[PDB]
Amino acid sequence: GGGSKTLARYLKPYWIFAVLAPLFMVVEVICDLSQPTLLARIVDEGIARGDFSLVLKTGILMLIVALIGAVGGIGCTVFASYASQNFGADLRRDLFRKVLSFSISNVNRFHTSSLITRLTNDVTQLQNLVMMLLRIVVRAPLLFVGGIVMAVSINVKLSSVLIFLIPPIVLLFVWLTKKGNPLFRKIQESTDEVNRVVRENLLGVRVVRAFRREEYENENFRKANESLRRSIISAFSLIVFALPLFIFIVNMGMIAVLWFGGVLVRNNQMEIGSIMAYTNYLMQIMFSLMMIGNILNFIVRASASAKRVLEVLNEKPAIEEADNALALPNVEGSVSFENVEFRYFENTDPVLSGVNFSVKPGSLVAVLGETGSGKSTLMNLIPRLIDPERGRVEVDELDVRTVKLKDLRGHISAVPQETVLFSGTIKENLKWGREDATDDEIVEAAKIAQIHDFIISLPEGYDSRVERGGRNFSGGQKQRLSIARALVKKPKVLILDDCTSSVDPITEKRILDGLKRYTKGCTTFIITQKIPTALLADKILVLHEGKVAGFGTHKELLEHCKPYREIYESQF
C-alpha cells in the first residue's frame, strides 16, 4: 500500500516549540488589532470630551502594546526557527540513513539525480513550510478574521461593505492563478529551450564551426530568443495588470467606507474616530487576504516535496541480510553460479540467463564479451549488490543470501567501471579498505597500482587533497588510485571491471603483471571487451547476448566459440 511512514513525527519531539511559535503570534496580532481602536478612543473620548489624561494615558498605553507586540512577533520567529530547523535535521538524518541502506535496485527506482534533490532541496522546502505554518500561516488568517471581527464590533451595518469587497478580490486571485499558471510554465519551456541552444552550441562548437553552419545556428537561436520574450510579456503583463487592479479595489473600499460611513455619522450612529479605525481595519483585512493568497500558491508546491521525501522514507531495501546469516571469518575464493538469471526490470527480457559456471580459489579468470553482454551485472552478483531472479550465486559453496553482508563484502574487493573517490587526502581514500594499514603497505599497493610515483610527485604527496568528486585527478590516476585502494583491502576475491580504459597500454601491462605476484592466493576476474587483455588470464569466460558462450582457453575458445571468433574478427 506504499507505506504508512509520516513526517509529522519529526515535529512531535519539538511540539513545545511548535505551540509557542503561534501563541506568540496571536500576542502580536492582538497588539496589532488593538492599535487602531485605541486611536478611535483618543479622538472620540479624549479630544471630543477634552480630557488630556485620556489621550495621554492611552497614548502611553499604545506604546506599551507596540513593544509587547514586538516581543510577540520575535518570540514566534525564534521558536519557529528552532522547530523548523530540528525538523529538517531530523528529516535529513533519516532521509540520509535510508539512502545509505538502498540496494542498487532501489537507486534504480528514484534516479540518482532525484535522490540528491529530495535530500537537499525538498528538505529545505519542508523546513520552510514548517517555518511558515508557525508564523504567517497563523498571522495572516488571524489578521483577516480578527480584522473583520473588529469592524463588525465597531459597526455591523458598515461591515456589509466587506461582503462587496472580498468576493472580487478572491475572484481576482482565482482568475490569475488559473490563467497565469499555464503562462508561467510556458515561460519555463522557453527559458530551458534557450539553454538547449546555448549548451549544444558550446558542446558541438567544433562541429558547428567545421561545418560552417554558424549562420544557421544564429537563425536557430533567434527562434528561441523571441519565444522567450513573447512568452514572458504575456505572463508578466497579467501580473503587471493585477497588482494595480488590486490596489484599486482596496482604494474603492476606502471610498465605500467614507461614503457609507459618512451617512452613519450624519445619522448620529457612528462617531468620527470609529471611522478612522475602520479605514485601518479595512486595510488589514485586505492585505492579510493577499498574503493568504500567496500562501496557497506555495503550499501546493511544498506538497510535492512531501510526496517525494515520503516515497524515500517508504522505500524498502531490496537486499536484506537474513536473521541468522552466516559469519565468514575467512573465504577461500570459490565462486559459482547455478542457473543464474537476471532482469533489471520486469518489462525487458533476461540480461543474464542459463548462467552456469564455477571457479576455484586463486584462479585468474578473464570475463570477455561485447558491450551489453551482462559482464558487469554478472560481477555485481558476487558482492550481493543484486540478487538473481532465478538460480543462485555461491561463494565458497555457500549461498551469498545466507551470509552476513559485512563479512562477504569485506572479503570481496571490486574496482568499479566508473571510478569515484571521496573528499579528503589521497591516503584517506587508499585506506578505505583498511584503517590500520601502514604507510608502507599503502606504498606497496600504489606501486603495484602504478601510481605511487604520480603521488610522490605531488607537493603534498599522499596527504595531497582529493577534491569532493575526485575531479582534480583525471581518469587515469583516479582509476589507478582505486586499484591501489582495491589492493590495500587485501581481498580474497578481486573484480576488475574495465579498469584500464583510462591508462596507457604500457602502464596497463605492468599493473596486471604486478597483480599476478601480489594477488597471491586471490581469485581474480578481469572483465574486458578486448582479447589482448583476456589473454593475460589463465582462463576466459565468454559472454554473448547475456549468456555464457564458452569457458576455456584461446585455443579451445577460438574453435568452439562463434562469439569468440566474432570478437576476434572485429579486432583483427
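Numbering starts at 1 and runs along the sequence shown.
Two stretches are in play, 349 to 357 and 384 to 392, and the higher mean C-alpha B-factor belongs to 349 to 357. Two stretches are in play, 267 to 275 and 112 to 120, and the higher mean C-alpha B-factor belongs to 267 to 275. The entry lists C-alpha B-factors for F96, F184, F422, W432, and the highest of these is at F184. Ranking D463, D90, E193, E441 by Cα temperature factor from the entry places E193 first. Per the deposited record, the Cα B-factor of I527 falls in the middle third when ranked against the other modelled residues of its chain. When the modelled residues of the chain are ordered by their C-alpha B factor, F24 lands in the lowest third.
Sort the modelled residues of the chain by CA B factor and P491 lands in the lowest third. Per the deposited record, the Cα B-factor of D498 falls in the middle third when ranked against the other modelled residues of its chain. The entry lists a Cα temperature factor for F551 that places it in the middle third of the chain's modelled residues.
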